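Please read the structure below before turning to the comments.
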2 protein chains.
Amino acid sequence: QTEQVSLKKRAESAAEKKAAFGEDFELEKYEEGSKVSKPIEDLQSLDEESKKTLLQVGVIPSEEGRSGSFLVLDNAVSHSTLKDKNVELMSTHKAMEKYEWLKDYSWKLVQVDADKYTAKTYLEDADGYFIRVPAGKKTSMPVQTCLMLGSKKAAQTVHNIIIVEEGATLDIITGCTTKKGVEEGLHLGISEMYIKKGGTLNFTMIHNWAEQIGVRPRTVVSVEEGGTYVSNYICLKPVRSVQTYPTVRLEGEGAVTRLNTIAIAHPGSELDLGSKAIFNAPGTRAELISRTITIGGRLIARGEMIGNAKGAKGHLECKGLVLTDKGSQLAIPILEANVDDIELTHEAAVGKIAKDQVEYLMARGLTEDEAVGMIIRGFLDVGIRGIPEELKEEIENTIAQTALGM
Amino acid sequence: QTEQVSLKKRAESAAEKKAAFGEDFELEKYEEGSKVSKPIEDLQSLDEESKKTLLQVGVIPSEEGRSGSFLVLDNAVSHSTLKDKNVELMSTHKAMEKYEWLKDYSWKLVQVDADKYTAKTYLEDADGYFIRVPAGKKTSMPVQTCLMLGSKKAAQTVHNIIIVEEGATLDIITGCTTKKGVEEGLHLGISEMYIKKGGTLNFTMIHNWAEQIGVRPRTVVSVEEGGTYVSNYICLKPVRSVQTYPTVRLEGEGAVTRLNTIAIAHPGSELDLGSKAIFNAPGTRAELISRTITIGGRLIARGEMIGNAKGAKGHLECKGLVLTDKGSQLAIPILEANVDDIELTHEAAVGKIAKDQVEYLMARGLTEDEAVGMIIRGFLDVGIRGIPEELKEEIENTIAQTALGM
């Protein structure tokens with residue numbers, strides 16, 4: 001009651017608080033997306049159009065090779081099912097109502113007043129998914145989630161909470177996409193992820209938006225002793241603006257994270273993509289890998305490694321190709337060592353594709369576009385090593401078709 | 001004429017304009033340093049303390065191995081002589097009185113309204129040195145300049161202009177220091193350097209301030225076709241705050257710059273040291289090397305490479321050791337590719353000295369302090385390759401004594 005009043009106050013105070021990076025959106029220009037959503041008990045019953053849409057972001061209507069499925073359309077949960085008995089999957093609202101302790105995890109890692117986007121999401125009483133793997137259990141197959149914009153020009157506000165209990169493993173694939181014909185809109189998605197002692201969370205996220213969509217995810221991950229967080233973000237399709245900067249706090253001894261990004265910046269697009277790792281306990285490790293290409297958009301690769309404990313080791317690699325006469329690549333690392341006994345290293349490279357590699361492949365009988373296709377496939381593949389195998393084919397198709405359209 | 005009124009208006013409007021980085025100084029707290037000083041005709045008639053002070057920052061009262069000398073005490077030129085009649089050396093005030101055309105170079109590369117420090121420097125009608133090396137001519141020995149703070153808590157404001165004409169070469173050594181017993185003060189030093197087609201400017205700068213001194217250099221270098229700018233900055237002694245971020249514009253085909261920094265951040269020190277290279281013509285080249293150590297201060301390595309022209313290649317390396325339990329190392333360099341046909345690369349490393357290397361040297365009979373000494377000599381030497389040989393012995397002494405006092 002006092003807590004709720006104090007959070008509402010803080011969130012109201014942040015209504016005009018711009019995010020540090022990315023285009024500033026006037027939230028009043030977007031209608032809040034529908035909080036009523038017609039349930040869909042069986043995803044196989046959907047239209048061919050919506051099924052292909054799901055498939056393009058790695059969401060399988062048949063749930064073949066999936067442990068469960070969660071679907072949000074605009075601001076309401078449309079589907080929530082499980083095949084696996086060692087996972088708990090519920091709407092965030094329903095989880096808050098079931099578990100009185102869940103309030104100890106809600107709006108703790110992500111602050112309600114971080115920026116106007118977190119504030120709006122809090123104030124809208126955002127629903128989302130709650131996913132928990134109890135102690136010692138491992139998901140047999142990935143749980144899939146899908147966040148979908150269905151209205152003309154609305155704001156989607158989502159709040160997810162993931163808890164991986166001691167010694168547990170959770171695999172998740174999230175696809176974010178749009179109804180056919182949806183061109184404008186905002187996605188504000190707050191995710192708070194808790195990995196307890198010896199837990200593991202593998203999280204693959206594929207985005208397919210539209211030319212005038214703004215995207216503002218805010219994600220904070222807390223990794224306890226001997227925990228592991230692996231993230232792979234894939235953003236290969238046109239979109240007006242994405243600005244995402246997940247923070248992973250390595251809180252316990254030997255906590256590790258591997259954070260991966262692949263992206264293609266299209267004309268008229270700003271992609272401001274970052275990763276932050278905070279080394280707060282001895283022996284913590286991070287590998288941050290970004291492989292991106294611009295074909296006319298603006299790409300900013302941010303990476304931040306904050307060394308607060310002895311024995312920590314962190315490495316950031318950012319590479320960004322510029323393929324066209326329009327567009328730009330920026331690499332903006334931050335390495336901060338606040339103790340003596342630490343190793344933080346980084347390499348960055350931006351600019352041209354290798355002319356000799358293109359010419360070598362053309363001599364083998366390939367057009368320039370085909371040659372570029374093969375090179376960029378190899379280049380981007382480094383950033384998606386070890387994603388679920390099943391996802392590679394569609395991703396490769398997207399990369400190939402991009403090269404061949406140049 | 002109308003121009004002077006414009007610049008004054010601009011400078012006045014920026015009187016309160018904080019610099020983007022570094023501690024903000026209240027300019028009102030510093031009395032402007034004396035604009036009068038007794039002429040010192042013979043440097044060797046200087047008192048032995050003053051001569052020691054000069055020698056500590058690489059300035060030779062005897063002028064052996066030197067082409068000329070320029071000395072500023074507080075805000076007044078105290079000495080200006082040349083051994084040879086090729087180079088032109090005069091105070092900035094006297095050059096501005098002599099040459100109507102110098103108005104085309106003065107306050108052009110550095111804007112009067114960049115920040116409150118450039119503004120103050122403009123408004124105080126700062127003096128300094130003007131050097132011109134006539135077309136095709138070369139210094140046979142480096143010119144030496146020295147800037148000295150001599151009052152209890154004064155603001156020093158200097159404005160220097162260097163013009164290296166077509167095919168010419170200038171070697172310069174600058175030492176910046178304080179009179180004995182001087183502990184507080186502010187140094188504001190604006191330098192505008194022009195390198196014409198085929199010209200070369202080799203510039204070495206050694207700083208030795210005091211524990212409560214703030215230092216705000218603003219330097220812009222303009223490098224024409226086939227020109228070369230080499231900079232070596234050395235900052236090994238206690239100082240409250242240094243914030244410097246020279247910009248080098250590579251304006252003509254094949255212009256090259258090599259920018260080097262070595263530093264040691266002492267307790268209670270902030271060192272915010274950057275280099276910016278802008279590639280504005282094809283075939284332009286930059287190599288930016290920074291090697292620094294904290295023994296309790298805060299060290300920030302800034303670097304920026306902006307690629308605006310096809311065929312450019314730039315490389316930044318920054319390494320920063322943290323040797324003590326207090327202190328921090330931050331590496332924040334920036335790569336920006338604005339064209340496709342370009343190569344920008346960088347590597348950054350912050351954190352520990354190599355434990356195995358310390359242990360190896362200790363086993364050979366050395367104390368920990370001696371072993372650290374040998375390692376940091378090797379580590380910092382990378383950033384002072386190519387400085388005039390004569391300066392190395394004193395610098396190595398400083399590095400050695402620092403390790404040995406730990």
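Identifiers in the structure tokens: chain A, B, ... in order shown; residue index from 1 per chain; ligand index from 1 in order shown.
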
Please report as CSV every residue of chain B lying within 7 Å of chain A, along with the nearest atom pair and their distance in Å (one decimal), using only C-alpha atoms.
```
residue,atom,partner,partner_atom,distance
B:322,CA,A:340,CA,4.8
B:323,CA,A:340,CA,5.6
B:324,CA,A:340,CA,5.8
B:325,CA,A:340,CA,5.9
B:327,CA,A:338,CA,6.7
B:328,CA,A:338,CA,4.8
B:329,CA,A:337,CA,5.2
B:330,CA,A:336,CA,4.4
B:331,CA,A:335,CA,5.2
B:332,CA,A:334,CA,4.9
B:333,CA,A:332,CA,6.7
B:334,CA,A:332,CA,5.1
B:335,CA,A:331,CA,5.1
B:336,CA,A:330,CA,4.4
B:337,CA,A:329,CA,5.2
B:338,CA,A:328,CA,4.7
B:339,CA,A:325,CA,6.1
B:340,CA,A:322,CA,4.8
B:341,CA,A:352,CA,5.0
B:342,CA,A:351,CA,5.0
B:343,CA,A:351,CA,5.1
B:344,CA,A:350,CA,5.4
B:345,CA,A:349,CA,4.3
B:346,CA,A:348,CA,5.3
B:347,CA,A:347,CA,4.4
B:348,CA,A:346,CA,5.1
B:349,CA,A:345,CA,4.4
B:350,CA,A:344,CA,5.3
B:351,CA,A:342,CA,5.0
B:352,CA,A:341,CA,5.0
```

Do a least-squares overlay of chain B on chain A, C-alpha atoms all paired in order, then report the RMSD in Å.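 Computed on C-alpha atoms only, the RMSD stands at 0.2 Å.
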
Surrounding residues of residue 58 (chain B) excluding itself and chain neighbours under 4 positions, 12 Å, only C-alpha atoms, as a PyMOL selection string: chain B and resi 51-54+62-66+69+142-147+172-177+204-208+234+387-395

Contact residues around residue 154 (chain B) with only C-alpha atoms at 7 Å, ignoring same-chain residues under 6 positions, as a list in words: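 The contact residues come out as residues 30, 31, 32, 33, 185 and 186 of chain B.
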
Using only C-alpha atoms, which residues sit within 7 Å of region 255-257 of chain A once same-chain residues fewer than 3 positions away are excluded, as an MDAnalysis selection string? chainID A and resid 223:230 250:252 284:287

Using CA of residue 191 (chain B) and CA of residue 220 (chain B) as the two end points, give the distance in Å to one decimal.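 Computed distance, CA of residue 191 (chain B) to CA of residue 220 (chain B), equals 6.6 Å.
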
List every residue of region 347-384 of chain B that DSSP, applied to the backbone, labels as alpha helix (DSSP H), and write the result as a PyMOL selection string. chain B and resi 355-363+368-381

Pick out the residues sitting within 9 Å of residue 271 (chain B), and hand them over as a PyMOL selection string; count only C-alpha atoms, and ignore anything fewer than 5 positions along from it in its own chain. chain B and resi 22+235+239-244+263-265+297-301

One decimal place gives the CA of residue 161 (chain B)-CA of residue 95 (chain B) separation as 9.6 Å

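Considering the residues A:183, A:125, A:26, A:369 and counting only C-alpha atoms, residue 399 (chain A) has its shortest atom-to-atom contact with A:369.
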
Just to confirm, what's the straight-line distance from CA of residue 406 (chain B) to CA of residue 283 (chain A) in Å (one decimal)? 26.7 Å

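With only C-alpha atoms as the basis for measurement, A:198 is the residue among A:238, A:217, A:198, A:383 that approaches residue 253 (chain A) most closely.
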
Write out as an mmCIF file with N, CA and C atoms, in the first residue's frame all residues of region 44-118 of chain B that DSSP puts in strand (DSSP E) for this structure's backbone.
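So the final result, stored in result-v8.cif, reads:
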```cif
data_model
loop_
_atom_site.group_PDB
_atom_site.id
_atom_site.type_symbol
_atom_site.label_atom_id
_atom_site.label_comp_id
_atom_site.auth_asym_id
_atom_site.auth_seq_id
_atom_site.Cartn_x
_atom_site.Cartn_y
_atom_site.Cartn_z
ATOM 1 N N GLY B 68 66.157 27.119 -30.382
ATOM 2 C CA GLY B 68 65.681 28.360 -29.799
ATOM 3 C C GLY B 68 64.888 28.082 -28.535
ATOM 4 N N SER B 69 64.490 29.151 -27.857
ATOM 5 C CA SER B 69 63.781 29.030 -26.602
ATOM 6 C C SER B 69 62.732 30.092 -26.459
ATOM 7 N N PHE B 70 61.603 29.690 -25.884
ATOM 8 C CA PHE B 70 60.521 30.615 -25.600
ATOM 9 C C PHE B 70 60.028 30.283 -24.201
ATOM 10 N N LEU B 71 59.922 31.307 -23.361
ATOM 11 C CA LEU B 71 59.560 31.130 -21.965
ATOM 12 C C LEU B 71 58.437 32.091 -21.613
ATOM 13 N N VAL B 72 57.417 31.559 -20.948
ATOM 14 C CA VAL B 72 56.302 32.317 -20.439
ATOM 15 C C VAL B 72 56.261 32.079 -18.944
ATOM 16 N N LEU B 73 56.197 33.167 -18.185
ATOM 17 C CA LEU B 73 55.942 33.091 -16.754
ATOM 18 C C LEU B 73 54.574 33.729 -16.463
ATOM 19 N N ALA B 76 52.954 36.320 -18.987
ATOM 20 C CA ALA B 76 53.889 37.191 -19.692
ATOM 21 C C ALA B 76 55.045 36.448 -20.350
ATOM 22 N N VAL B 77 55.350 36.825 -21.592
ATOM 23 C CA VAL B 77 56.517 36.299 -22.295
ATOM 24 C C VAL B 77 57.769 36.909 -21.661
ATOM 25 N N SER B 78 58.702 36.039 -21.284
ATOM 26 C CA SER B 78 59.889 36.403 -20.526
ATOM 27 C C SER B 78 61.152 36.217 -21.364
ATOM 28 N N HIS B 79 61.073 35.395 -22.411
ATOM 29 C CA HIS B 79 62.250 35.093 -23.242
ATOM 30 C C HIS B 79 61.822 34.587 -24.604
ATOM 31 N N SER B 80 62.518 35.016 -25.660
ATOM 32 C CA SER B 80 62.229 34.593 -27.044
ATOM 33 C C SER B 80 63.442 34.788 -27.957
ATOM 34 N N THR B 81 64.160 33.698 -28.245
ATOM 35 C CA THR B 81 65.376 33.758 -29.068
ATOM 36 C C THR B 81 65.497 32.567 -30.016
ATOM 37 N N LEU B 82 66.233 32.780 -31.098
ATOM 38 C CA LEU B 82 66.533 31.728 -32.059
ATOM 39 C C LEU B 82 68.024 31.671 -32.357
ATOM 40 N N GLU B 88 60.809 31.245 -37.788
ATOM 41 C CA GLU B 88 60.310 32.495 -37.229
ATOM 42 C C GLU B 88 59.682 32.199 -35.860
ATOM 43 N N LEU B 89 60.125 32.916 -34.828
ATOM 44 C CA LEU B 89 59.630 32.735 -33.457
ATOM 45 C C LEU B 89 59.389 34.113 -32.845
ATOM 46 N N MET B 90 58.158 34.348 -32.406
ATOM 47 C CA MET B 90 57.760 35.633 -31.834
ATOM 48 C C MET B 90 56.643 35.363 -30.902
ATOM 49 N N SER B 91 56.362 36.314 -30.021
ATOM 50 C CA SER B 91 55.162 36.193 -29.215
ATOM 51 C C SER B 91 53.945 36.306 -30.130
#
```
